[PDB]
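File shown: query.cif (mmCIF, C-alpha atoms and all ligand atoms).
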```cif
data_entry
loop_
_atom_site.label_atom_id
_atom_site.label_comp_id
_atom_site.auth_asym_id
_atom_site.auth_seq_id
_atom_site.Cartn_x
_atom_site.Cartn_y
_atom_site.Cartn_z
CA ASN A 8 268.54 274.26 223.16
CA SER A 9 268.04 272.38 219.88
CA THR A 10 270.44 269.68 218.70
CA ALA A 11 271.41 268.20 215.34
CA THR A 12 273.15 264.97 214.30
CA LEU A 13 275.61 264.65 211.42
CA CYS A 14 276.57 261.18 210.22
CA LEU A 15 279.00 259.80 207.65
CA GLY A 16 278.84 256.67 205.53
CA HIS A 17 279.92 254.93 202.35
CA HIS A 18 278.50 253.37 199.19
CA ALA A 19 276.65 250.06 199.23
CA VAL A 20 274.91 247.73 196.77
CA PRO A 21 272.62 244.67 197.18
CA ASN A 22 274.08 241.98 194.89
CA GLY A 23 277.86 242.33 195.04
CA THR A 24 280.72 240.04 194.10
CA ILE A 25 283.30 237.98 196.01
CA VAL A 26 287.08 238.34 195.69
CA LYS A 27 290.10 236.82 197.43
CA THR A 28 292.58 238.84 199.49
CA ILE A 29 295.46 238.22 201.90
CA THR A 30 293.31 238.05 205.04
CA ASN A 31 290.27 236.08 203.83
CA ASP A 32 289.51 233.91 200.82
CA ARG A 33 285.89 235.09 200.56
CA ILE A 34 285.00 238.78 200.78
CA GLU A 35 282.17 240.70 199.11
CA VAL A 36 283.08 243.94 197.33
CA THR A 37 281.06 246.58 195.51
CA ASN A 38 282.44 246.02 192.01
CA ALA A 39 285.09 243.76 190.48
CA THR A 40 286.53 242.84 187.09
CA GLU A 41 287.81 239.56 185.65
CA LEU A 42 291.50 239.27 184.74
CA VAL A 43 291.49 235.85 183.01
CA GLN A 44 290.22 235.40 179.45
CA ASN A 45 288.49 232.03 179.78
CA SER A 46 286.81 232.05 176.34
CA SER A 47 287.55 233.06 172.75
CA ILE A 48 286.01 233.55 169.32
CA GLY A 49 285.45 230.54 167.09
CA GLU A 50 287.65 231.84 164.27
CA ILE A 51 291.16 233.23 163.70
CA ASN B 6 294.07 255.57 243.65
CA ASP B 7 291.67 258.19 245.01
CA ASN B 8 288.26 256.56 245.48
CA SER B 9 286.91 259.34 243.25
CA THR B 10 289.07 258.17 240.31
CA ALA B 11 289.74 254.90 238.50
CA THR B 12 292.58 253.64 236.31
CA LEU B 13 292.05 251.33 233.33
CA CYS B 14 294.88 249.88 231.23
CA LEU B 15 294.69 247.58 228.22
CA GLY B 16 297.48 245.47 226.79
CA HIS B 17 298.50 242.48 224.73
CA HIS B 18 300.05 239.04 225.20
CA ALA B 19 303.74 238.29 225.78
CA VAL B 20 305.97 235.25 226.33
CA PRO B 21 309.49 234.73 227.79
CA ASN B 22 311.51 232.84 225.16
CA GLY B 23 310.11 233.73 221.75
CA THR B 24 311.57 233.43 218.25
CA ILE B 25 313.04 235.73 215.61
CA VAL B 26 311.41 236.21 212.20
CA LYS B 27 312.17 238.32 209.13
CA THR B 28 309.92 241.02 207.69
CA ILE B 29 310.15 243.80 205.10
CA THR B 30 311.23 246.59 207.47
CA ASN B 31 313.70 244.74 209.69
CA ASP B 32 315.66 241.51 209.46
CA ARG B 33 315.16 240.66 213.16
CA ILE B 34 311.90 240.96 215.08
CA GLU B 35 310.73 238.76 217.95
CA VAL B 36 307.26 237.26 217.76
CA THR B 37 305.41 235.17 220.32
CA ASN B 38 305.53 231.83 218.53
CA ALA B 39 306.23 230.66 215.01
CA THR B 40 306.51 227.63 212.72
CA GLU B 41 309.17 226.62 210.18
CA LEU B 42 307.96 226.57 206.57
CA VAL B 43 310.93 224.64 205.13
CA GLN B 44 311.15 220.85 205.49
CA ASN B 45 314.87 220.65 206.24
CA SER B 46 314.94 216.96 207.27
CA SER B 47 313.46 213.63 206.19
CA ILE B 48 313.10 209.93 207.01
CA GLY B 49 315.76 207.43 205.98
CA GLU B 50 313.53 205.10 203.94
CA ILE B 51 311.20 205.26 200.94
CA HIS C 355 292.34 247.95 235.90
CA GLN C 356 292.85 249.52 239.33
CA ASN C 357 289.82 251.07 241.02
CA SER C 358 288.63 251.61 244.59
CA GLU C 359 287.35 248.01 244.69
CA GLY C 360 290.87 246.67 244.06
CA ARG C 361 292.88 245.27 241.17
CA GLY C 362 292.12 242.70 238.50
CA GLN C 363 292.41 241.87 234.83
CA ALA C 364 290.40 239.89 232.30
CA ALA C 365 290.74 239.01 228.63
CA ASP C 366 288.62 240.07 225.64
CA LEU C 367 287.76 236.99 223.58
CA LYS C 368 285.89 238.99 220.92
CA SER C 369 288.96 240.74 219.50
CA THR C 370 291.59 238.07 220.24
CA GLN C 371 289.57 235.51 218.27
CA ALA C 372 289.56 237.90 215.30
CA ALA C 373 293.37 237.68 215.35
CA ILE C 374 293.55 233.87 215.48
CA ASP C 375 290.83 233.65 212.83
CA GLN C 376 293.03 235.44 210.29
CA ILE C 377 296.21 233.54 211.17
CA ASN C 378 294.63 230.08 211.30
CA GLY C 379 293.34 230.30 207.75
CA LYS C 380 296.30 232.19 206.39
CA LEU C 381 298.03 228.91 207.21
CA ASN C 382 295.37 227.04 205.23
CA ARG C 383 296.43 229.04 202.19
CA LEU C 384 300.03 227.89 202.74
CA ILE C 385 299.99 224.56 204.60
CA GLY C 386 298.25 222.31 202.06
CA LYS C 387 299.28 224.10 198.87
CA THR C 388 301.44 221.17 197.66
CA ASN C 389 300.78 220.22 194.03
CA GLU C 390 301.84 216.99 192.34
CA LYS C 391 304.73 216.84 189.88
CA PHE C 392 305.50 213.59 188.04
CA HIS C 393 308.60 212.60 186.04
CA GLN C 394 310.64 215.72 185.35
CA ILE C 395 314.04 215.81 183.67
CA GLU C 396 317.13 214.40 185.37
CA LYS C 397 318.80 217.13 187.45
CA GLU C 398 321.93 215.01 188.13
CA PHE C 399 324.51 213.58 185.74
CA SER C 400 327.32 211.02 185.77
CA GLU C 401 329.24 211.63 182.52
CA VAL C 402 329.93 214.90 180.69
CA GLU C 403 327.66 215.53 177.71
CA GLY C 404 328.35 219.18 176.87
CA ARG C 405 325.62 221.35 175.37
CA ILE C 406 322.51 219.42 176.42
CA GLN C 407 323.69 218.88 180.00
CA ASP C 408 324.54 222.59 180.24
CA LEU C 409 320.94 223.48 179.37
CA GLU C 410 319.34 220.78 181.55
CA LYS C 411 321.40 222.20 184.42
CA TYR C 412 320.62 225.82 183.53
CA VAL C 413 316.88 225.04 183.55
CA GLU C 414 316.55 223.25 186.90
CA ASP C 415 318.95 225.79 188.42
CA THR C 416 317.18 228.95 187.26
CA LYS C 417 313.88 227.38 188.34
CA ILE C 418 315.18 226.90 191.88
CA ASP C 419 316.40 230.49 192.18
CA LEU C 420 313.07 232.03 191.13
CA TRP C 421 311.13 229.89 193.60
CA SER C 422 313.60 230.68 196.39
CA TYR C 423 313.15 234.41 195.81
CA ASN C 424 309.39 233.90 195.51
CA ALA C 425 309.48 232.02 198.83
CA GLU C 426 311.54 234.61 200.72
CA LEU C 427 309.31 237.43 199.49
CA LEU C 428 306.18 235.51 200.50
CA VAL C 429 307.35 234.90 204.07
CA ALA C 430 308.65 238.44 204.56
CA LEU C 431 305.28 239.73 203.31
CA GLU C 432 303.05 237.41 205.36
CA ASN C 433 305.19 238.30 208.39
CA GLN C 434 304.95 242.07 207.91
CA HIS C 435 301.19 241.59 207.52
CA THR C 436 300.94 239.27 210.54
CA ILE C 437 302.74 241.86 212.69
CA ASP C 438 300.57 244.69 211.35
CA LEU C 439 297.38 242.64 211.74
CA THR C 440 297.94 241.90 215.43
CA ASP C 441 298.86 245.52 216.21
CA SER C 442 295.71 246.80 214.49
CA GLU C 443 293.35 244.45 216.33
CA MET C 444 294.43 245.83 219.70
CA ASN C 445 294.73 249.39 218.39
CA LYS C 446 291.10 248.95 217.32
CA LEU C 447 290.23 247.70 220.82
CA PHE C 448 291.64 250.93 222.28
CA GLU C 449 289.48 253.12 220.03
CA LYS C 450 286.38 250.98 220.63
CA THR C 451 286.87 251.59 224.35
CA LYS C 452 287.60 255.31 223.93
CA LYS C 453 284.43 255.92 221.90
CA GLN C 454 282.51 254.17 224.69
CA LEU C 455 283.89 256.36 227.48
CA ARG C 456 282.83 259.57 225.73
CA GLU C 457 283.90 262.50 227.94
CA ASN C 458 284.24 260.58 231.23
CA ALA C 459 288.00 259.88 231.00
CA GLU C 460 291.27 260.97 229.39
CA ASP C 461 294.00 259.23 227.41
CA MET C 462 296.94 259.12 229.82
CA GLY C 463 299.27 258.27 226.93
CA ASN C 464 300.60 255.17 228.72
CA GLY C 465 298.00 253.09 226.85
CA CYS C 466 295.65 253.60 229.79
CA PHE C 467 292.45 255.51 230.51
CA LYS C 468 292.02 257.57 233.68
CA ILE C 469 288.30 257.29 234.43
CA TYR C 470 287.28 260.38 236.42
CA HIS C 471 284.60 258.86 238.67
CA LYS C 472 284.11 256.11 241.22
CA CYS C 473 283.95 252.90 239.18
CA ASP C 474 283.24 249.55 240.84
CA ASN C 475 283.98 246.15 239.33
CA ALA C 476 280.39 246.34 238.05
CA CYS C 477 280.97 249.27 235.68
CA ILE C 478 284.22 247.63 234.56
CA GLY C 479 282.18 244.68 233.30
CA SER C 480 279.78 246.99 231.45
CA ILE C 481 282.83 248.32 229.60
CA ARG C 482 284.05 244.78 228.90
CA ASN C 483 280.61 243.38 228.05
CA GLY C 484 279.93 246.60 226.13
CA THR C 485 276.91 248.08 227.94
CA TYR C 486 278.55 251.13 229.54
CA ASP C 487 276.13 254.06 229.34
CA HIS C 488 278.19 257.23 229.75
CA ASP C 489 275.19 259.51 230.26
CA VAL C 490 274.57 258.48 233.87
CA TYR C 491 278.14 259.12 235.08
CA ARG C 492 278.65 262.13 232.79
CA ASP C 493 277.47 264.78 235.27
CA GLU C 494 279.37 262.95 238.02
CA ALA C 495 282.62 262.69 236.05
CA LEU C 496 282.82 266.14 234.43
CA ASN C 497 283.16 267.96 237.76
CA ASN C 498 286.21 265.85 238.62
CA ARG C 499 287.78 266.78 235.28
CA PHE C 500 288.04 270.51 236.01
CA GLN C 501 289.73 271.81 239.18
CA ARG D 405 315.10 213.42 176.26
CA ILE D 406 314.42 216.60 174.29
CA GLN D 407 310.63 216.28 174.58
CA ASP D 408 310.98 215.71 178.33
CA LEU D 409 312.93 218.97 178.67
CA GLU D 410 310.82 221.01 176.24
CA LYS D 411 307.81 220.02 178.35
CA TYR D 412 309.56 220.68 181.67
CA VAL D 413 310.34 224.24 180.53
CA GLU D 414 306.91 225.46 179.42
CA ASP D 415 305.32 223.79 182.45
CA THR D 416 307.66 225.27 185.08
CA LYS D 417 307.03 228.62 183.38
CA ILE D 418 303.25 228.27 183.81
CA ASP D 419 303.53 227.43 187.51
CA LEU D 420 305.77 230.43 188.19
CA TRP D 421 303.47 232.80 186.30
CA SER D 422 300.35 231.48 188.04
CA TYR D 423 301.84 231.99 191.51
CA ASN D 424 302.91 235.47 190.44
CA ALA D 425 299.34 235.97 189.20
CA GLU D 426 297.59 234.71 192.34
CA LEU D 427 299.93 236.70 194.59
CA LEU D 428 299.40 239.82 192.47
CA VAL D 429 295.59 239.69 192.64
CA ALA D 430 295.51 238.96 196.38
CA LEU D 431 297.82 241.92 197.04
CA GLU D 432 296.11 244.53 194.86
CA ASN D 433 292.82 243.40 196.43
CA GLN D 434 294.02 243.65 200.04
CA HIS D 435 295.46 247.06 199.16
CA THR D 436 292.23 248.13 197.45
CA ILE D 437 290.23 247.13 200.54
CA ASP D 438 292.50 249.08 202.90
CA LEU D 439 292.50 252.04 200.51
CA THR D 440 288.73 252.50 200.31
CA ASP D 441 288.31 252.18 204.08
CA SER D 442 291.14 254.63 204.80
CA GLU D 443 289.87 257.27 202.35
CA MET D 444 286.56 257.33 204.23
CA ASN D 445 288.23 257.03 207.64
CA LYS D 446 290.14 260.15 206.59
CA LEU D 447 286.94 262.07 205.83
CA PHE D 448 285.75 261.45 209.39
CA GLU D 449 288.99 262.98 210.67
CA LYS D 450 288.62 265.88 208.23
CA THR D 451 285.19 266.54 209.73
CA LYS D 452 286.15 266.09 213.40
CA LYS D 453 289.19 268.36 213.13
CA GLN D 454 286.88 270.81 211.34
CA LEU D 455 284.19 270.71 214.05
CA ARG D 456 286.82 271.44 216.76
CA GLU D 457 285.08 271.17 220.18
CA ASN D 458 281.47 271.81 219.11
CA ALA D 459 280.55 268.10 218.92
CA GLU D 460 281.32 264.60 220.17
CA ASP D 461 281.99 261.25 218.49
CA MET D 462 278.83 259.29 219.25
CA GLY D 463 280.71 256.10 218.34
CA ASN D 464 278.36 254.99 215.55
CA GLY D 465 280.29 257.05 213.00
CA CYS D 466 278.05 260.10 213.54
CA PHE D 467 278.73 263.44 215.22
CA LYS D 468 276.37 264.94 217.80
CA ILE D 469 276.48 268.68 217.10
CA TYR D 470 275.72 270.38 220.43
CA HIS D 471 274.15 273.53 218.94
CA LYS D 472 271.40 274.66 216.60
CA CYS D 473 272.55 273.89 213.05
CA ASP D 474 270.41 275.16 210.17
CA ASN D 475 270.74 274.20 206.51
CA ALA D 476 273.43 276.90 206.22
CA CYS D 477 275.98 275.35 208.59
CA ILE D 478 275.31 271.89 207.12
CA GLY D 479 276.32 273.23 203.73
CA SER D 480 279.23 275.07 205.34
CA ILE D 481 280.59 271.73 206.55
CA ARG D 482 279.76 270.29 203.07
CA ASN D 483 281.83 273.19 201.68
CA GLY D 484 284.63 273.17 204.21
CA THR D 485 283.82 276.69 205.48
CA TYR D 486 282.46 275.72 208.92
CA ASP D 487 283.86 278.22 211.42
CA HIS D 488 283.91 276.61 214.86
CA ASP D 489 284.40 279.89 216.72
CA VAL D 490 280.91 281.32 216.13
CA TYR D 491 278.94 278.35 217.46
CA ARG D 492 281.55 277.49 220.12
CA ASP D 493 280.12 279.60 222.95
CA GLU D 494 276.62 278.43 222.01
CA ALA D 495 277.64 274.77 221.80
CA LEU D 496 280.21 274.72 224.62
CA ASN D 497 277.58 275.92 227.10
CA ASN D 498 275.24 273.08 226.12
CA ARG D 499 277.75 270.25 226.59
CA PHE D 500 278.55 271.00 230.23
CA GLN D 501 275.71 271.16 232.77
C1 LIG A 601 282.93 248.40 187.72
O1 LIG A 601 284.25 248.08 187.34
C2 LIG A 601 284.43 247.89 185.93
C3 LIG A 601 285.89 247.58 185.72
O2 LIG A 601 286.71 248.71 186.00
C4 LIG A 601 283.97 249.13 185.14
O3 LIG A 601 283.93 248.78 183.77
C5 LIG A 601 284.59 249.79 182.99
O4 LIG A 601 283.76 250.94 182.80
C6 LIG A 601 284.36 251.99 182.03
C7 LIG A 601 283.36 253.12 182.00
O5 LIG A 601 282.04 252.66 182.24
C8 LIG A 601 284.72 251.47 180.64
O6 LIG A 601 285.37 252.49 179.89
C9 LIG A 601 284.73 252.58 178.61
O7 LIG A 601 285.28 251.62 177.70
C10 LIG A 601 284.59 251.57 176.44
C11 LIG A 601 285.16 250.42 175.63
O8 LIG A 601 286.38 250.00 176.23
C12 LIG A 601 284.75 252.94 175.74
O9 LIG A 601 284.01 252.93 174.53
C13 LIG A 601 284.24 254.07 176.66
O10 LIG A 601 284.42 255.35 176.04
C14 LIG A 601 284.89 254.01 178.04
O11 LIG A 601 286.26 254.32 177.86
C15 LIG A 601 285.61 250.24 180.75
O12 LIG A 601 285.85 249.69 179.45
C16 LIG A 601 284.94 249.19 181.63
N1 LIG A 601 285.78 248.00 181.75
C17 LIG A 601 286.99 247.98 182.32
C18 LIG A 601 287.67 246.65 182.35
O13 LIG A 601 287.51 248.98 182.80
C19 LIG A 601 282.59 249.61 185.59
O14 LIG A 601 282.32 250.88 185.01
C20 LIG A 601 282.54 249.72 187.10
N2 LIG A 601 281.22 250.14 187.54
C21 LIG A 601 281.03 251.14 188.42
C22 LIG A 601 279.61 251.45 188.77
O15 LIG A 601 281.97 251.75 188.92
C1 LIG A 602 278.73 276.72 200.25
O1 LIG A 602 279.18 276.72 198.92
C2 LIG A 602 278.15 277.07 197.99
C3 LIG A 602 278.76 276.96 196.61
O2 LIG A 602 279.35 278.18 196.20
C4 LIG A 602 277.61 278.47 198.28
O3 LIG A 602 276.42 278.62 197.51
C5 LIG A 602 276.49 279.90 196.87
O4 LIG A 602 275.90 280.89 197.70
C6 LIG A 602 276.00 282.21 197.15
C7 LIG A 602 275.45 283.14 198.21
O5 LIG A 602 274.11 282.80 198.55
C8 LIG A 602 275.25 282.27 195.82
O6 LIG A 602 275.43 283.55 195.21
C9 LIG A 602 274.23 284.34 195.37
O7 LIG A 602 273.22 284.03 194.40
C10 LIG A 602 271.99 284.70 194.70
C11 LIG A 602 270.89 284.15 193.80
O8 LIG A 602 269.63 284.41 194.41
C12 LIG A 602 272.21 286.22 194.55
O9 LIG A 602 271.02 286.92 194.92
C13 LIG A 602 273.39 286.71 195.43
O10 LIG A 602 273.67 288.08 195.17
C14 LIG A 602 274.63 285.84 195.24
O11 LIG A 602 275.15 286.12 193.95
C15 LIG A 602 275.75 281.19 194.87
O12 LIG A 602 274.90 281.16 193.72
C16 LIG A 602 275.74 279.82 195.55
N1 LIG A 602 276.34 278.79 194.70
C17 LIG A 602 276.02 278.54 193.43
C18 LIG A 602 276.77 277.41 192.78
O13 LIG A 602 275.17 279.18 192.81
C19 LIG A 602 277.27 278.68 199.75
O14 LIG A 602 277.13 280.08 199.99
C20 LIG A 602 278.36 278.13 200.66
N2 LIG A 602 277.93 278.16 202.05
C21 LIG A 602 277.76 279.29 202.76
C22 LIG A 602 277.31 279.12 204.18
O15 LIG A 602 277.95 280.40 202.27
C1 LIG A 603 302.33 228.26 217.50
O1 LIG A 603 300.95 228.28 217.85
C2 LIG A 603 300.13 227.57 216.89
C3 LIG A 603 298.66 227.76 217.26
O2 LIG A 603 298.11 228.89 216.60
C4 LIG A 603 300.58 226.12 216.77
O3 LIG A 603 299.83 225.48 215.74
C5 LIG A 603 299.61 224.11 216.24
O4 LIG A 603 299.52 223.04 215.19
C6 LIG A 603 298.31 222.91 214.43
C7 LIG A 603 298.20 224.12 213.53
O5 LIG A 603 299.23 224.14 212.55
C8 LIG A 603 297.12 222.71 215.35
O6 LIG A 603 297.25 221.45 216.01
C9 LIG A 603 297.02 223.83 216.39
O7 LIG A 603 296.55 225.04 215.80
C10 LIG A 603 298.33 224.08 217.16
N1 LIG A 603 298.49 223.15 218.26
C11 LIG A 603 299.16 223.45 219.38
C12 LIG A 603 299.23 222.39 220.42
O8 LIG A 603 299.70 224.55 219.53
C13 LIG A 603 302.08 226.02 216.49
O9 LIG A 603 302.52 224.67 216.55
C14 LIG A 603 302.85 226.82 217.51
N2 LIG A 603 304.27 226.75 217.23
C15 LIG A 603 305.17 226.34 218.14
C16 LIG A 603 306.60 226.31 217.69
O10 LIG A 603 304.85 225.97 219.27
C1 LIG A 604 277.62 241.39 230.83
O1 LIG A 604 277.13 242.74 230.84
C2 LIG A 604 276.38 243.05 232.02
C3 LIG A 604 275.76 244.41 231.81
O2 LIG A 604 274.87 244.40 230.70
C4 LIG A 604 277.31 242.99 233.23
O3 LIG A 604 276.57 243.28 234.41
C5 LIG A 604 277.92 241.60 233.33
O4 LIG A 604 278.89 241.58 234.38
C6 LIG A 604 278.58 241.17 232.02
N1 LIG A 604 279.00 239.78 232.09
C7 LIG A 604 280.24 239.36 231.79
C8 LIG A 604 281.21 240.42 231.37
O5 LIG A 604 280.55 238.17 231.87
#
```
Could you write out this file's structure as structure tokens?
Ligand SMILES: *[C@@H]1O[C@H](CO)[C@@H](O[C@@H]2O[C@H](CO)[C@@H](O[C@@H]3O[C@H](CO)[C@@H](O)[C@H](O)[C@@H]3O)[C@H](O)[C@H]2NC(C)=O)[C@H](O)[C@H]1NC(C)=O
Ligand SMILES: *[C@@H]1O[C@H](CO)[C@@H](O[C@@H]2O[C@H](CO)[C@@H](O[C@@H]3O[C@H](CO)[C@@H](O)[C@H](O)[C@@H]3O)[C@H](O)[C@H]2NC(C)=O)[C@H](O)[C@H]1NC(C)=O
Ligand SMILES: *[C@@H]1O[C@H](CO)[C@@H](O[C@@H]2O[C@H](CO)[C@@H](O)[C@H](O)[C@H]2NC(C)=O)[C@H](O)[C@H]1NC(C)=O
Ligand SMILES: *[C@@H]1O[C@H](CO)[C@@H](O)[C@H](O)[C@H]1NC(C)=O
Amino acid sequence: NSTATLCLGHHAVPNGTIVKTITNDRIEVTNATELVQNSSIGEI
Amino acid sequence: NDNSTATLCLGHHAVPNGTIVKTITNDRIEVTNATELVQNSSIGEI
Amino acid sequence: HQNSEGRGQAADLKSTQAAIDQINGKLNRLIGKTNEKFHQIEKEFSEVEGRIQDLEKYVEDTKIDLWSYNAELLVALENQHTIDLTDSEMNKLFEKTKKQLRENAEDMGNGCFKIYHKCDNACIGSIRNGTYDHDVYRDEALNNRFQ
Amino acid sequence: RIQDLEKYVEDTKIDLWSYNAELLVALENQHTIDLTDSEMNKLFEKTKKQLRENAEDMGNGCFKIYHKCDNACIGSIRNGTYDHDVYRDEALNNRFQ
């Protein structure tokens, strides 16, 4: 009459990053990338 | 109901005279209440 | 609900608020979006100028069309999401209740649970407030299930 | 006149692209969020339909397996080779008493 418990879960990280979606403007995700090139090189 | 049983239902809100809105699937669907996003009228002065 | 103690019904503020919270706020993305625009070209004309007027018209016209399509698509999307959002929040409420009842009831299919034991208005509140311990009624309920 | 129009063009272009940009990010994000949750919500179903009637959904996203499960059966679920029928009689008796 011995039992056993099996659980399921997902990835997680401590310091994440915020993104904007349809539902909410702030939401923390695991990993995200930047789509706007805000800087450049000094020369042509 | 038999005093040995019990019946539990859950549901959502509803209203009598609603309004029609447009979505991707269907052109007509009735929602509870809604607001107009187009300013179709104005004042007469500047 | 309908038990031996009588009838009654009561709301669930916890999940309903989660629906209003996403709507009121989705508005705030759309309501105050207005951005200033100062001194554009003249979109109306009195005389006929030919080539330049044709372009000045073609510009302000083709701008209007693209925004109109962009607007229609935005509403039809935020509507389809608003409908889907509200349905999910109650469809979640159903599952949250079902996982609480464990084996003590069955899905009637009419969006209702048939709880197979004597339930007062007290145990109804433990479901609503979220403290229903199935283990006590389990032995009591299971015998009713099978006959 | 010309400078007014030449400016009105490139500006109206930028506005339209930016809205298209903002809308695109907010959509591919909201879809990414739903995707990752669903892919894991599927794995729970894959496990429950695999366990048949030898367990119960505890509610906290874990299964309570109502029989003795060694390291073999745990790997068999890991694999996808868990046969419900062997443990059924053993587990089914434990659930109901
Ligand atoms: C978090 O998300 C970012 C964005 O997707 C990931 O960065 C990407 O990582 C991959 C592999 O680490 C990079 O691919 C590599 O690119 C370099 C140079 O382009 C190439 O030399 C390698 O052979 C390989 O192809 C990719 O460039 C990089 N950036 C982007 C924009 O995709 C990151 O890996 C993610 N982190 C985790 C833990 O998932
Ligand atoms: C779940 O899947 C894994 C992956 O295949 C299975 O592990 C495999 O188990 C077999 C049988 O034990 C291994 O083969 C055996 O190797 C031993 C070595 O001591 C040998 O004496 C036997 O004659 C046989 O060849 C196999 O090596 C092992 N997997 C790998 C990658 O090595 C496992 O069996 C599956 N679960 C169950 C319940 O079977
Ligand atoms: C539909 O219901 C909403 C509430 O979610 C109404 O929004 C009202 O107006 C602003 C928000 O834009 C606020 O004062 C309140 O959130 C709402 N006030 C009231 C009195 O409802 C919206 O006006 C309703 N639409 C219709 C046509 O009645
Ligand atoms: C809160 O839960 C308790 C059980 O923990 C219950 O007795 C009580 O009626 C509930 N109060 C409500 C739902 O207002």
Could you please determine the separation between atom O8 of ligand LIG 602 (chain A) and CA of residue 494 (chain D) in Å, to one decimal place?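 Straight-line distance from atom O8 of ligand LIG 602 (chain A) to CA of residue 494 (chain D) works out to 29.1 Å.
Atom pair atom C19 of ligand LIG 601 (chain A) / CA of residue 422 (chain D) has a distance of 25.5 Å (rounded to one decimal).
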Env of region 32-37 of chain A: 12 Å cut, atoms = all atoms listed in the file, seq-sep filter 6 positions within chain, self excluded. Answer as a PDB file with C-alpha atoms, in the coordinates of the input.
```pdb
ATOM      1  CA  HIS A  17     279.920 254.930 202.350  1.00  0.00           C
ATOM      2  CA  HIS A  18     278.500 253.370 199.190  1.00  0.00           C
ATOM      3  CA  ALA A  19     276.650 250.060 199.230  1.00  0.00           C
ATOM      4  CA  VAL A  20     274.910 247.730 196.770  1.00  0.00           C
ATOM      5  CA  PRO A  21     272.620 244.670 197.180  1.00  0.00           C
ATOM      6  CA  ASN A  22     274.080 241.980 194.890  1.00  0.00           C
ATOM      7  CA  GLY A  23     277.860 242.330 195.040  1.00  0.00           C
ATOM      8  CA  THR A  24     280.720 240.040 194.100  1.00  0.00           C
ATOM      9  CA  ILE A  25     283.300 237.980 196.010  1.00  0.00           C
ATOM     10  CA  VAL A  26     287.080 238.340 195.690  1.00  0.00           C
TER      11      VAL A  26
ATOM     12  CA  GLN C 376     293.030 235.440 210.290  1.00  0.00           C
ATOM     13  CA  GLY C 379     293.340 230.300 207.750  1.00  0.00           C
ATOM     14  CA  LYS C 380     296.300 232.190 206.390  1.00  0.00           C
ATOM     15  CA  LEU C 381     298.030 228.910 207.210  1.00  0.00           C
ATOM     16  CA  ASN C 382     295.370 227.040 205.230  1.00  0.00           C
ATOM     17  CA  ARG C 383     296.430 229.040 202.190  1.00  0.00           C
TER      18      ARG C 383
ATOM     19  CA  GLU D 426     297.590 234.710 192.340  1.00  0.00           C
ATOM     20  CA  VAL D 429     295.590 239.690 192.640  1.00  0.00           C
ATOM     21  CA  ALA D 430     295.510 238.960 196.380  1.00  0.00           C
ATOM     22  CA  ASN D 433     292.820 243.400 196.430  1.00  0.00           C
ATOM     23  CA  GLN D 434     294.020 243.650 200.040  1.00  0.00           C
ATOM     24  CA  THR D 436     292.230 248.130 197.450  1.00  0.00           C
ATOM     25  CA  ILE D 437     290.230 247.130 200.540  1.00  0.00           C
ATOM     26  CA  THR D 440     288.730 252.500 200.310  1.00  0.00           C
ATOM     27  CA  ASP D 441     288.310 252.180 204.080  1.00  0.00           C
TER      28      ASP D 441
END
```
Given 12 Å and all atoms listed in the file, residues near ligand LIG 603 (chain A) as an MDAnalysis selection string: (chainID B and resid 20 22:25 36:42) or (chainID C and resid 370:371 373:386)
Contacts with ligand LIG 602 (chain A) at most 7 Å, all atoms listed in the file counted, listed as number ranges by chain: D: 476-477, 479-480, 483, 485
Would you export the selected residues with C-alpha atoms as an mmCIF file, in the frame of the given file, please?
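File produced: part.cif:
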```cif
data_model
loop_
_atom_site.group_PDB
_atom_site.id
_atom_site.type_symbol
_atom_site.label_atom_id
_atom_site.label_comp_id
_atom_site.auth_asym_id
_atom_site.auth_seq_id
_atom_site.Cartn_x
_atom_site.Cartn_y
_atom_site.Cartn_z
ATOM 1 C CA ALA D 476 273.430 276.900 206.220
ATOM 2 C CA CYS D 477 275.980 275.350 208.590
ATOM 3 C CA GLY D 479 276.320 273.230 203.730
ATOM 4 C CA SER D 480 279.230 275.070 205.340
ATOM 5 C CA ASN D 483 281.830 273.190 201.680
ATOM 6 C CA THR D 485 283.820 276.690 205.480
#
```
Nearest to ligand LIG 604 (chain A): which of C:408, C:414, C:366, C:441 is it, counting all atoms listed in the file?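 Closest residue, counting all atoms listed in the file: C:366.
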Counting all atoms listed in the file, what are the residues, protein, DNA or RNA alike, that approach ligand LIG 604 (chain A) to within 12 Å? I want them as an MDAnalysis selection string. chainID C and resid 363:368 474:487
